[PDB]
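Asker: Take this structure first; my questions come after.
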Amino acid sequence: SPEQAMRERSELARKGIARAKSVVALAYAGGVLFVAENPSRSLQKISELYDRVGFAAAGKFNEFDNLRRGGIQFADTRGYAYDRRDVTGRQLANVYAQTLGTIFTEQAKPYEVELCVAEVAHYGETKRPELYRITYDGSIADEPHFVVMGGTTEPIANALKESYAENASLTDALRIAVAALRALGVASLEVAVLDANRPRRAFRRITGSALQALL
Amino acid sequence: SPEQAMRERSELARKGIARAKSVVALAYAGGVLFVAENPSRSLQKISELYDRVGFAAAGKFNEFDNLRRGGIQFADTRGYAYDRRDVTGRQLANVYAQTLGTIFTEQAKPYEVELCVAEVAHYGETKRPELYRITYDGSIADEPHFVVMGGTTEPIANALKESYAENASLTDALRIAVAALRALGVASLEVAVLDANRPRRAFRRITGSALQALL
Amino acid sequence: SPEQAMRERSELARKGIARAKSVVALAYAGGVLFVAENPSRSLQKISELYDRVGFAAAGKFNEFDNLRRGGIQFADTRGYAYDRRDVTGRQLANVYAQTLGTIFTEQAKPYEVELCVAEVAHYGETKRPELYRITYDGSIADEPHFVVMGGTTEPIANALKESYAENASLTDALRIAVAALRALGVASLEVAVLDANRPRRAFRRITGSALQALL
Amino acid sequence: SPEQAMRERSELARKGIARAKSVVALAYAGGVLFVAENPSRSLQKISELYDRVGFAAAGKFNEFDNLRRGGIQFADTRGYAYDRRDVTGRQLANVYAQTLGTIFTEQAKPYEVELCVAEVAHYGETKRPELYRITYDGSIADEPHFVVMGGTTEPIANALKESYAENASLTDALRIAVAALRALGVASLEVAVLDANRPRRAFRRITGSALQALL
Amino acid sequence: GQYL
Amino acid sequence: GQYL
Amino acid sequence: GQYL
Amino acid sequence: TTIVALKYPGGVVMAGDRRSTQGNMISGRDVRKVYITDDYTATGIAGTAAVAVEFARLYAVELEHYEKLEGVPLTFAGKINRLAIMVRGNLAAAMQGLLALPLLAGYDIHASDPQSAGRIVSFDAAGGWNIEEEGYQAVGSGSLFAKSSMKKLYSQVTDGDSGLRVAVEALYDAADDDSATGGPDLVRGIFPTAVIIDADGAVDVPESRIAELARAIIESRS
Amino acid sequence: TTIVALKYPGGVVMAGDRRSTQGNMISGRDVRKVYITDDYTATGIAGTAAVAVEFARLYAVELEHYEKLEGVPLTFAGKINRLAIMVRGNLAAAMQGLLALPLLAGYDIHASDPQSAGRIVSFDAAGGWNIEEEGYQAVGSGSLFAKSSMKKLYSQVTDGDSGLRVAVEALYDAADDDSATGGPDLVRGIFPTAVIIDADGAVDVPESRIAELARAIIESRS
Amino acid sequence: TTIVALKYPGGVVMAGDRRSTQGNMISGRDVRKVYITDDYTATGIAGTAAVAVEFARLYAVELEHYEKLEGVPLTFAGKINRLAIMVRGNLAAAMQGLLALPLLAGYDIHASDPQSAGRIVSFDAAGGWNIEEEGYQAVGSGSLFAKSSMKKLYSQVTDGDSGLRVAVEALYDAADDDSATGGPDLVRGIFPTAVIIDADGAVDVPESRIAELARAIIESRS
């Protein structure tokens with residue numbers, strides 16, 4: 001039956017989401033921190049979307065990567081038509097959800113992906129970081145503190161639940177995030193920030209020797 | 001058989017309508033009042049459609065939201081071609097029903113939505129508020145006093161049946177509507193009015209501190 | 001089998017026609033009289049088609065309503081190309097039948113509708129009113145005295161068979177039509193005439209206080 | 001079931017990959033060395049892709065050959081739009097994987113191919129050779145030392161594991177590669193290099209008498 | 001529904 | 001999911 | 001393959 | 001050609017002459033230039049005869065078409081808009097010489113004061129329109145003489161009949177000073193046509209009334 | 001035509017005359033050229049009357065449309081951009097003679113200092129725009145006389161009312177030295193129109209205030 | 001208009017005046033003609049103001065777009081190419097009068113010698129480009145006077161600051177011999193704008209420094 005088929009599809013999607021590297025995103029004093037478990041040096045699961053909007057994903061690389069590209073596309077055209085400060089994390093979070101739902105209903109296989117869109121305030125302004133999680137069906141959830149995506153999310157989510165502290169510095173939030181992620185080695189870690197203090201482009205990767213010194 | 005399939009579709013639609021947040025719309029002295037049970041701060045189930053025409057919905061957000069957009073679209077073009085005072089709540093109520101019926105017959109899944117289109121008189125004129133309810137199949141019903149959509153509609157509809165009073169003020173109609181809706185907390189309430197006293201744009205949200213003071 | 005399927009389709013259409021409000025149209029001294037049992041104030045089952053051509057229907061509102069629109073469309077364009085006095089009730093009656101038959105054969109569900117097209121003579125001319133009934137399959141029948149559509153047609157058709165009188169005035173034909181229709185209250189009645197005495201546009205609704213006085 | 005069908009497809013692809021001539025690619029002092037077991041004199045399994053990017057494949061000739069052509073196509077247009085030094089082995093490796101995955105999902109039969117894209121540094125610059133292996137599904141793997149494609153890969157991969165030496169000269173790497181490939185005769189050998197010392201076009205075939213002298 |  |  |  | 005329109009307390013009146021020329025040659029002695037487009041609007045059109053009659057016909061069709069679809073006539077504002085859009089559509093052909101300018105008279109049933117529900121609206125070749133508020137308007141080759149006549153005669157307008165007489169006189173002066181506008185032909189008995197709109201709709205003035213008014217004017221001037 | 005706009009501490013004021021001509025002929029004595037496109041912006045348009053009224057209408061529609069879709073008005077920058085794109089779109093027709101130039105006054109609610117949140121923006125036929133920073137602007141055939149008047153009178157501007165008087169005077173001098181700009185008609189009682197925008201939105205100045213200011217100026221010059 | 005650019009040991013400097021005219025009429029006293037298109041390139045554009053600002057904006061967007069997609073900026077060669085293709089695209093409109101010519105200054109991070117990694121590139125209306133190697137370039141109506149000034153003053157350039165002073169002086173002579181180029185306005189305090197690019201990126205010179213250099217030049221000439 002159709003209902004049975006739908007249930008099977010949901011189970012398949014869940015399985016796909018489960019067998020994947022884990023990513024975390026959490027708010028800290030200077031903005032938002034993305035920490036993903038990533039062995040490759042070329043393939044990335046964290047990306048700039050717009051001036052103050054970042055993006056992390058977990059699942060099947062070609063698909064989440066494809067969404068990455070679609071999201072980049074929409075923001076630039078919108079900004080050109082109206083302006084940079086008009087594109088918000090909210091509008092982008094919304095677009096992905098609608099697209100995902102329609103796509104799943106009309107396509108063959110559902111995207112085994114889990115998305116997190118992050119936004120911080122502009123330069124010289126005060127506002128709390130916003131985290132949204134978009135799931136494979138189109139559901140969207142507003143997160144106040146942190147998002148955990150891919151793999152087994154329960155232990156990481158709980159460890160973060162005990163260790164999280166608002167207004168933690170960059171080093172403390174990095175320790176908390178790596179610790180809860182372990183529930184690792186300097187190599188194979190993809191770390192980036194949405195630094196609210198930057199004048200325009202807030203996204204900034206933290207790689208190599210500096211990262212080693214921090215950890 | 002086809003008839004059996006149709007019955008199954010109707011049952012599925014009914015189930016979808018049933019598992020949803022409840023919305024009420026009722027006539028009061030200054031126009032029409034929409035009171036919905038809504039936890040999110042970004043996702044809304046009540047909307048301006050045109051100068052004096054408002055809109056509430058219950059079901060699946062992406063779909064009811066999509067109808068919201070389609071309805072907004074039709075009114076602006078029509079007004080530009082003829083004029084603002086030519087778009088009426090009746091014409092809009094009609095368009096949704098026809099579209100829904102055709103769409104259901106030719107599509108895959110029926111829209112698990114329930115719509116309420118509301119209209120008040122213009123500035124400096126006397127006329128009774130009109131409420132229409134459009135159901136998932138295309139059926140449209142003319143309501144004299146109040147519409148209840150989504151979830152379990154019986155207890156709310158009965159509580160309103162006992163508490164309703166024509167020409168109740170804004171505060172009384174708010175108390176009646178929240179009380180019958182309970183059959184709650186200051187947070188997660190979406191409240192808006194079609195204030196007949198406004199010069200042009202009648203729709204007006206009632207949020208925050210003012211709402212708290214009222215309640 | 002295909003024949004069995006066709007029989008099933010016919011039965012379904014018959015059932016759809018049966019569960020509907022009844023309409024009657026009959027000839028009287030001043031033209032033709034439409035009397036329908038209609039509770040709503042916005043949704044109508046009687047309509048002007050052209051200067052001297054009227055239209056009544058019974059079944060599914062969106063479909064019969066849709067035919068109403070198609071019929072209006074054809075007449076205006078034809079008149080503009082040739083002239084107003086060239087559009088006749090006969091040509092219109094014919095178009096609906098052909099369209100219905102083709103549509104039923106190529107579509108999914110047959111239109112659960114029953115149509116009556118009426119025509120009277122022009123100003124300052126003598127000619128008998130013409131009534132045509134078009135059924136869901138495309139069949140068309142020429143009626144000399146009255147047409148009954150929708151619901152249980154036998155008792156109404158027989159009561160009219162006993163009460164009908166050619167050249168009955170407007171009030172007598174209204175009494176006969178309401179009486180045979182009962183086989184009601186002032187409210188929820190849709191009454192219109194094709195008054196042969198009007199100079200151009202013959203269709204004219206009879207609503208409210210005047211109707212109450214007449215009845 | 002669909003899952004069962006997918007498993008069958010994977011098995012079929014594996015069988016196709018297994019019954020084929022073996023190719024090896026390994027890093028040596030002057031760049032990268034391709035050594036394939038190829039009897040024909042016209043049909044080739046090693047090819048120039050761009051100035052410093054080479055390509056080897058194993059499977060079904062018409063398909064791997066077709067990818068060869070597609071890859072050649074993309075690089076030239078990209079270079080013309082931006083520049084020669086902008087096309088990298090990484091971008092090309094990526095394109096094939098995405099194309100393969102999409103193609104497999106929408107086509108009838110999966111490409112029974114295994115690809116290796118190789119890149120060396122430009123003239124007068126220091127950088128380690130990069131080897132990527134792209135499999136039939138779209139998977140891509142970053143290899144530090146050598147890639148083995150087609151046929152039975154275990155014995156060749158192990159023999160290379162014991163014999164490999166970084167910064168081996170051209171003759172030593174040729175002996176190691178032919179030896180591990182045997183796990184042959186001067187005839188039916190396709191040998192080419194990505195010589196990092198060439199000014200622009202790095203790919204260079206080693207055929208005939210010179211090859212015989214070397215071996 | 002809404003028969004007419 | 002996320003019915004509303 | 002290459003799940004991530 | 002010349003078509004005048006003037007409001008009077010409680011209504012509007014609209015009159016037009018009958019001549020149609022080709023150069024210096026008088027080609028039509030009985031053209032009707034003022035149509036009753038609907039129960040509350042009359043439309044006069046000056047300019048190319050073809051484009052004129054076509055405009056009038058098509059506009060009447062469109063008003064009545066929307067009325068049949070929606071079950072209620074457009075407001076006077078919507079009517080003004082549709083007429084304006086038609087006029088704007090003929091602009092390309094008007095530059096090529098096929099220019100047609102409409103003057104629209106209507107009686108707004110929805111206006112607040114019945115005594116001033118009369119409405120006169122004028123258009124240019126580019127579709128822009130203007131709601132006249134000094135009480136009268138005219139269009140055509142004789143329009144300037146007609147307006148300069150009504151400016152002086154307009155204090156005499158007090159009802160439907162006096163307003164009608166003022167209309168006929170304005171036409172008489174247009175024709176008196178311009179050769180493309182025909183005056184009352186006493187020999188053949190052809191007089192201007194007139195339409196009166198008030199609370200009860202639009203009716204054509206029967207010819208006899210216009211004949212008497214014209215004879216009164218002509219005897220007054222002798 | 002002439003439309004002036006000037007900032008005053010705490011707000012912006014925008015006034016426009018009432019005449020509309022065809023060649024040497026005065027055709028409209030009461031046109032309104034300054035619209036309230038939204039709660040914080042007013043728009044004046046000089047040039048072809050059709051293109052002008054159309055621009056104003058369509059721009060208001062677009063501002064409000066985006067506002068209804070996104071739940072928040074555009075920033076003043078976005079508004080400037082959309083108006084500019086419309087103007088750039090009319091360029092082909094402006095070379096053919098249908099030129100329309102807008103002057104946009106707004107009150108930025110998001111600006112840092114409320115006393116200088118006023119905004120004046122001017123456009124050319126090619127869609128380029130410029131944010132005026134010397135305190136005033138004007139457009140139309142009388143614009144040069146109006147600007148040269150405001151340059152001298154502008155030190156008198158200290159609040160909403162003095163700024164309004166300076167606006168009316170600048171218009172008076174425009175009309176005094178150019179014939180296409182109408183001055184205050186004391187006979188018919190038709191005065192320039194004015195819009196004031198401050199922290200509380202945009203309101204039309206009621207006619208009486210403009211009447212008194214105009215009479216004060218006229219008596220001052222006698 | 002006039003925009004000069006000159007290399008100095010270790011970097012590049014690019015300065016532009018502030019006037020914008022329509023015929024003989026001075027219309028803008030504070031236009032900014034030199035943009036920072038990215039962390040290592042600044043772009044000046046002479047010519048039609050609309051086309052100029054649009055070029056600058058769109059080019060900056062494209063550079064940054066490819067940077068976001070590929071994770072690495074284009075080489076200086078690719079940037080040169082894209083700018084050239086844009087310029088070639090505007091050729092049809094440049095023949096119609098909407099001509100815009102860009103002068104591109106950049107600091108190549110990949111060059112071998114840091115002391116000569118500065119780069120100046122000039123374009124014609126047909127999209128062809130040329131890498132300047134005599135140390136300086138200019139564009140606009142005053143370009144010839146500016147170049148003939150820098151030819152003599154260029155032996156004085158030894159660092160970032162001396163190079164800046166030479167730039168400002170070249171602008172002063174352009175303005176001194178051409179009326180379409182504005183000089184330092186001491187009355188209103190409006191000075192040329194300048195951008196400096198070196199190993200650490202591109203920064204705008206703060207106005208005070210340009211003010212002091214301009215006052216030094218002006219006192220030197222008295």
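By convention here, the chains of the structure tokens are called A, B, ... in the order presented, each chain's residues are numbered starting at 1, and ligands are numbered starting at 1 in the order presented.
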Using only C-alpha atoms, what does the table of chain A residues within 9 Å of chain B look like, with each row giving the shortest atom pair and its distance in Å to one decimal, sorted by chain and ascending number, as a tab-separated table?
Answerer:
residue	atom	partner	partner_atom	distance
A:90	CA	B:42	CA	8.4
A:97	CA	B:62	CA	8.8
A:98	CA	B:62	CA	6.7
A:101	CA	B:62	CA	8.5
A:138	CA	B:62	CA	8.8
A:142	CA	B:40	CA	8.3
Asker: Env of residue G:4: 8 Å cut, atoms = only C-alpha atoms, seq-sep filter 5 positions within chain, self excluded. Answer as a CSV table (one decimal) with N, CA, C and O atoms, in the first residue's frame.
Answerer:
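That gives us result07.csv:
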chain,number,residue,atom,x,y,z
A,19,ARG,N,23.9,6.4,9.3
A,19,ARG,CA,25.3,6.0,8.9
A,19,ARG,C,26.1,7.1,8.3
A,19,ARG,O,26.3,7.2,7.1
A,20,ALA,N,26.4,8.1,9.1
A,20,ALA,CA,27.2,9.3,8.6
A,20,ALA,C,28.0,10.0,9.7
A,20,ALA,O,27.7,9.8,10.9
A,21,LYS,N,28.9,10.8,9.3
A,21,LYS,CA,29.8,11.5,10.2
A,21,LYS,C,28.9,12.6,11.0
A,21,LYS,O,28.0,13.1,10.4
A,58,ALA,N,24.9,16.9,6.9
A,58,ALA,CA,25.3,15.5,7.2
A,58,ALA,C,24.4,14.6,6.4
A,58,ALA,O,23.1,14.7,6.4
A,59,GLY,N,25.0,13.7,5.6
A,59,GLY,CA,24.3,12.7,4.9
A,59,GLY,C,25.2,12.2,3.8
A,59,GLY,O,26.4,11.9,3.9
A,60,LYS,N,24.6,12.2,2.6
A,60,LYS,CA,25.1,11.9,1.3
A,60,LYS,C,25.8,13.1,0.6
A,60,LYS,O,25.1,14.0,0.3
A,61,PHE,N,27.1,13.0,0.4
A,61,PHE,CA,27.8,14.2,0.0
A,61,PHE,C,27.3,14.9,-1.3
A,61,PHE,O,27.1,16.1,-1.3
Asker: List the spatial neighbours of residue I:99 as a list in words - criterion: any atom at most 7 Å away, only C-alpha atoms, same-chain residues fewer than 2 positions off excluded.
Answerer: residues 47, 48, 93, 94, 97 and 101 of chain I
Asker: Set the distance at 9 Å and use only C-alpha atoms: which residues neighbour residue E:1 once local chain neighbours fewer than 5 positions away are removed? I'd like the list as a list in words.
Answerer: residues 137, 138, 139 and 140 of chain B
Asker: Could you write out the selected residues, including N, CA, C and O atoms, as a short mmCIF file (atom, residue, chain, number, x, y, z; two decimals), in the first residue's frame?
Answerer:
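The new file again-v2.cif reads:
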data_model
loop_
_atom_site.label_atom_id
_atom_site.label_comp_id
_atom_site.auth_asym_id
_atom_site.auth_seq_id
_atom_site.Cartn_x
_atom_site.Cartn_y
_atom_site.Cartn_z
N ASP B 137 -11.93 19.39 -0.09
CA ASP B 137 -12.53 18.94 -1.33
C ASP B 137 -12.94 20.06 -2.27
O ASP B 137 -13.16 19.81 -3.46
N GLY B 138 -13.12 21.28 -1.76
CA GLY B 138 -13.70 22.35 -2.54
C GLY B 138 -15.00 22.89 -1.98
O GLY B 138 -15.48 23.92 -2.47
N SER B 139 -15.58 22.23 -0.98
CA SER B 139 -16.81 22.70 -0.36
C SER B 139 -16.58 24.03 0.34
O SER B 139 -15.53 24.30 0.92
N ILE B 140 -17.60 24.88 0.28
CA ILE B 140 -17.53 26.20 0.86
C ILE B 140 -18.81 26.45 1.65
O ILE B 140 -19.91 26.16 1.17
#
Asker: Near stretch 104-118 of chain I, counting only C-alpha atoms, which residues have an atom at most 6 Å away, once you skip same-chain residues fewer than 2 positions from it, shown as an NGL selection string?
Answerer: :I and (7 or 9-12 or 40-43 or 120-121)
Asker: Output N, CA, C and O atoms of each residue in that selection to a file, as a compact mmCIF listing (two decimals), in the first residue's frame.
Answerer:
# COMPACT_ATOMS: atom_id res chain seq x y z
N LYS I 7 14.71 68.94 3.74
CA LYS I 7 14.78 68.37 5.08
C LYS I 7 14.72 69.48 6.10
O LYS I 7 15.19 70.59 5.85
N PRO I 9 15.03 69.91 10.66
CA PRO I 9 15.44 69.06 11.76
C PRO I 9 14.23 68.21 12.13
O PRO I 9 13.16 68.74 12.41
N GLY I 10 14.44 66.91 12.17
CA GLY I 10 13.37 65.98 12.49
C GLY I 10 12.41 65.53 11.40
O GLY I 10 11.50 64.78 11.72
N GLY I 11 12.57 65.94 10.13
CA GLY I 11 11.63 65.43 9.15
C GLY I 11 11.94 65.91 7.75
O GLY I 11 13.00 66.49 7.49
N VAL I 12 10.99 65.68 6.85
CA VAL I 12 11.14 66.10 5.47
C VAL I 12 9.81 66.65 4.98
O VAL I 12 8.74 66.24 5.43
N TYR I 40 6.20 56.12 4.96
CA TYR I 40 7.42 56.87 5.21
C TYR I 40 8.04 57.42 3.93
O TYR I 40 9.16 57.93 3.98
N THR I 41 7.36 57.32 2.80
CA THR I 41 7.93 57.91 1.60
C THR I 41 6.82 58.61 0.83
O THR I 41 5.71 58.08 0.72
N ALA I 42 7.14 59.79 0.31
CA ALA I 42 6.33 60.47 -0.68
C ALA I 42 7.14 60.61 -1.95
O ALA I 42 8.37 60.73 -1.92
N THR I 43 6.44 60.61 -3.08
CA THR I 43 7.05 60.65 -4.40
C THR I 43 6.40 61.74 -5.22
O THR I 43 5.17 61.74 -5.39
N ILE I 120 16.40 62.74 0.93
CA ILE I 120 15.96 63.23 -0.36
C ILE I 120 16.81 62.57 -1.44
O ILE I 120 18.03 62.46 -1.29
N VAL I 121 16.16 62.10 -2.49
CA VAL I 121 16.83 61.33 -3.54
C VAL I 121 16.35 61.81 -4.90
O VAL I 121 15.13 61.94 -5.12
Asker: Using DSSP on the backbone, list every residue of stretch 81-212 of chain B that comes out as strand (DSSP E or B), and give them as an mmCIF file with N, CA and C atoms, in the first residue's frame.
Answerer:
data_model
loop_
_atom_site.group_PDB
_atom_site.id
_atom_site.type_symbol
_atom_site.label_atom_id
_atom_site.label_comp_id
_atom_site.auth_asym_id
_atom_site.auth_seq_id
_atom_site.Cartn_x
_atom_site.Cartn_y
_atom_site.Cartn_z
ATOM 1 N N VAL B 113 -5.720 20.606 4.286
ATOM 2 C CA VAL B 113 -5.882 21.978 4.745
ATOM 3 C C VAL B 113 -7.356 22.307 4.955
ATOM 4 N N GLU B 114 -7.588 23.302 5.798
ATOM 5 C CA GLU B 114 -8.905 23.867 6.039
ATOM 6 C C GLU B 114 -8.727 25.372 6.105
ATOM 7 N N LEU B 115 -9.510 26.088 5.301
ATOM 8 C CA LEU B 115 -9.343 27.516 5.111
ATOM 9 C C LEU B 115 -10.545 28.281 5.640
ATOM 10 N N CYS B 116 -10.274 29.501 6.061
ATOM 11 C CA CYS B 116 -11.297 30.447 6.470
ATOM 12 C C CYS B 116 -10.934 31.789 5.866
ATOM 13 N N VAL B 117 -11.808 32.326 5.024
ATOM 14 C CA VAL B 117 -11.610 33.645 4.442
ATOM 15 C C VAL B 117 -12.580 34.592 5.129
ATOM 16 N N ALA B 118 -12.075 35.730 5.604
ATOM 17 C CA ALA B 118 -12.906 36.682 6.329
ATOM 18 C C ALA B 118 -12.916 38.030 5.624
ATOM 19 N N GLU B 119 -14.045 38.729 5.726
ATOM 20 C CA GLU B 119 -14.177 40.049 5.133
ATOM 21 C C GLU B 119 -14.993 40.944 6.053
ATOM 22 N N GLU B 130 -18.359 38.833 7.140
ATOM 23 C CA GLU B 130 -18.625 37.586 6.429
ATOM 24 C C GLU B 130 -17.478 36.615 6.659
ATOM 25 N N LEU B 131 -17.820 35.393 7.050
ATOM 26 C CA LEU B 131 -16.863 34.312 7.236
ATOM 27 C C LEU B 131 -17.223 33.178 6.292
ATOM 28 N N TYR B 132 -16.242 32.692 5.550
ATOM 29 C CA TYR B 132 -16.422 31.526 4.705
ATOM 30 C C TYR B 132 -15.421 30.479 5.154
ATOM 31 N N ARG B 133 -15.852 29.216 5.183
ATOM 32 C CA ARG B 133 -14.951 28.086 5.407
ATOM 33 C C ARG B 133 -14.872 27.232 4.147
ATOM 34 N N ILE B 134 -13.654 27.005 3.665
ATOM 35 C CA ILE B 134 -13.396 26.163 2.503
ATOM 36 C C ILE B 134 -12.697 24.905 2.994
ATOM 37 N N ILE B 140 -17.598 24.878 0.277
ATOM 38 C CA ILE B 140 -17.530 26.204 0.865
ATOM 39 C C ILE B 140 -18.813 26.454 1.647
ATOM 40 N N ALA B 141 -18.672 26.980 2.865
ATOM 41 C CA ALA B 141 -19.799 27.192 3.759
ATOM 42 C C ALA B 141 -19.798 28.618 4.296
ATOM 43 N N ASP B 142 -20.983 29.230 4.347
ATOM 44 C CA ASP B 142 -21.141 30.610 4.799
ATOM 45 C C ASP B 142 -21.515 30.620 6.272
ATOM 46 N N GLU B 143 -20.657 31.221 7.093
ATOM 47 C CA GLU B 143 -20.780 31.182 8.549
ATOM 48 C C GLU B 143 -21.219 32.533 9.059
ATOM 49 N N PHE B 146 -19.010 32.351 13.699
ATOM 50 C CA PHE B 146 -17.628 31.947 13.949
ATOM 51 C C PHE B 146 -17.291 30.679 13.171
ATOM 52 N N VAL B 147 -15.997 30.523 12.907
ATOM 53 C CA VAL B 147 -15.432 29.361 12.238
ATOM 54 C C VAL B 147 -14.390 28.762 13.163
ATOM 55 N N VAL B 148 -14.378 27.432 13.257
ATOM 56 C CA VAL B 148 -13.347 26.708 13.988
ATOM 57 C C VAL B 148 -12.696 25.711 13.042
ATOM 58 N N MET B 149 -11.369 25.726 12.994
ATOM 59 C CA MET B 149 -10.620 24.911 12.051
ATOM 60 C C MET B 149 -9.553 24.103 12.765
ATOM 61 N N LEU B 189 0.687 32.198 21.145
ATOM 62 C CA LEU B 189 -0.658 32.564 20.712
ATOM 63 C C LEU B 189 -0.553 33.494 19.506
ATOM 64 N N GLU B 190 -1.285 33.222 18.424
ATOM 65 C CA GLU B 190 -1.188 34.119 17.285
ATOM 66 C C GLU B 190 -2.537 34.817 17.195
ATOM 67 N N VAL B 191 -2.552 36.119 17.435
ATOM 68 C CA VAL B 191 -3.796 36.874 17.480
ATOM 69 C C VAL B 191 -3.708 38.055 16.522
ATOM 70 N N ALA B 192 -4.741 38.212 15.693
ATOM 71 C CA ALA B 192 -4.844 39.320 14.760
ATOM 72 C C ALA B 192 -6.310 39.694 14.602
ATOM 73 N N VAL B 193 -6.549 40.902 14.101
ATOM 74 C CA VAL B 193 -7.911 41.381 13.905
ATOM 75 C C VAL B 193 -8.069 41.937 12.500
ATOM 76 N N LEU B 194 -9.314 41.935 12.029
ATOM 77 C CA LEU B 194 -9.734 42.704 10.862
ATOM 78 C C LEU B 194 -10.531 43.876 11.420
ATOM 79 N N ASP B 195 -9.818 44.919 11.817
ATOM 80 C CA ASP B 195 -10.421 46.075 12.467
ATOM 81 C C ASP B 195 -11.162 46.894 11.416
ATOM 82 N N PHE B 203 -6.281 44.586 8.423
ATOM 83 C CA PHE B 203 -5.608 43.541 9.181
ATOM 84 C C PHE B 203 -4.573 44.142 10.125
ATOM 85 N N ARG B 204 -4.507 43.625 11.352
ATOM 86 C CA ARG B 204 -3.598 44.193 12.350
ATOM 87 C C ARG B 204 -3.293 43.147 13.408
ATOM 88 N N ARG B 205 -2.013 42.819 13.584
ATOM 89 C CA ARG B 205 -1.627 41.832 14.585
ATOM 90 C C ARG B 205 -1.607 42.445 15.983
#
Asker: Should the cut-off be 9 Å, what would the residue list for chain J against chain D look like, counting only C-alpha atoms, as a list in words?
Answerer: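 The complete set of qualifying residues is residues 74, 75, 77, 78, 79, 81 and 82 of chain J.
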Asker: Nearest to chain G: which of A:144, A:124, A:89, A:16 is it, counting only C-alpha atoms?
Answerer: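 So, comparing all the options, the nearest one is A:16.
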Asker: So which residues touch stretch 155-169 of chain C within 6 Å, counting only C-alpha atoms, skipping near sequence neighbours fewer than 3 positions away, as a PyMOL selection string?
Answerer: chain C and resi 28-29+172-173+180-181+183
Asker: Just need the residues of chain J within 12 Å of chain I, counting only C-alpha atoms, so spit them out as an MDAnalysis selection string.
Answerer: chainID J and resid 20 22 27:32 48:54 98 188
Asker: Could you pull out the residues in stretch 15-142 of chain A that DSSP calls alpha helix (DSSP H) from the backbone, as number ranges by chain?
Answerer: A: 15-18, 61-81, 89-106
Asker: Fewer than 6 positions away in the same chain doesn't count, so skip those; otherwise give me all residues within 12 Å of residue J:103, counting only C-alpha atoms, as JSON, numbers by chain.
Answerer: {"J": [2, 3, 4, 5, 6, 13, 14, 15, 16, 33, 34, 35, 37, 41, 42, 43, 44, 45, 46, 47, 52, 55, 56, 80, 83, 84, 87, 119, 120, 121, 122, 123, 124, 125, 127, 129, 130, 131, 132, 136, 137, 138, 139, 140, 143]}
Asker: Record the distance separating atom CA of residue D:33 and atom CA of residue D:71, expressed in Å with one decimal.
Answerer: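 Those two atoms sit 19.8 Å apart.
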Asker: What separation in Å, quoted to one decimal, exists between atom CA of residue H:184 and atom CA of residue H:135?
Answerer: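 It comes out at 24.6 Å.
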